[PDB]
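Enquirer: First residue of the sequence shown? That's 1 in the deposited numbering, and the numbers climb one at a time after it. Yeah, the Cβ is synthetic: ideal placement off N, Cα and C, and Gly gets one too. One structure, as structure tokens, below. Some questions next.
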Amino acid sequence: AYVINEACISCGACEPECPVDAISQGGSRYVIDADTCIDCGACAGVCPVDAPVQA
Ligand code: SF4
Ligand code: SF4
């Protein structure tokens with residue numbers, strides 16, 4: 001699983017780019033469903049602040 005850390009500015013650009021639709025808008029920051037994420041790294045590639053990190 002990847003996890004979106006506190007650098008997230010909630011721009012929303014990663015949500016459409018997740019191939020398995022694991023990302024959604026949350027309170028404060030976007031969130032990854034760890035039971036769906038397959039570690040492709042696509043969300044970090046479109047993140048301007050590089051908030052998604054592999055855990
Ligand atoms: S690493 Fe890939 S599967 Fe996981 S949330 Fe990011 S884009 Fe989706
Ligand atoms: S692209 Fe990055 S800054 Fe924008 S919502 Fe996703 S994790 Fe947050």
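Considering only the alpha carbon of each residue, which of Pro48, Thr36, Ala1 lies closest to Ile9?
Expert: Counting from one through the sequence shown, the residue named residue 9 turns up at place 9. When each option's Cα is compared against that of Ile9, the closest is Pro48.
Enquirer: Drop a sphere of 10 angstroms on the beta-carbon of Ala22, count the other beta-carbons inside from all chains shown, and report buried for 16 or more, exposed for fewer.
Expert: If you number the sequence shown from 1, residue 22 lands on position 22. With 16 or more other Cβ atoms within 10 Å, it is buried.
Enquirer: What did DSSP end up calling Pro19 once you bin it into helix, strand or coil?
Expert: The residue labelled residue 19 in the question sits at position 19 within the sequence shown. Coil.
Enquirer: Rounding to the nearest angstrom, what Cα-Cα distance links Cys11 and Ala55 in this structure?
Expert: Counting from one through the sequence shown, the residue named residue 11 turns up at place 11. Counting from one through the sequence shown, the residue named residue 55 turns up at place 55. Going by the C-alpha atoms only, they are around 22 Å apart.
Enquirer: Check the C-beta distance from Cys40 over to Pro19 and give it rounded, since I have them as a contact under 8 Å.
Expert: Looking up residue 40 in the sequence shown gives position 40. Looking up residue 19 in the sequence shown gives position 19. The pair is a contact, with the Cβ atoms about 6 Å apart (cut-off 8 Å).
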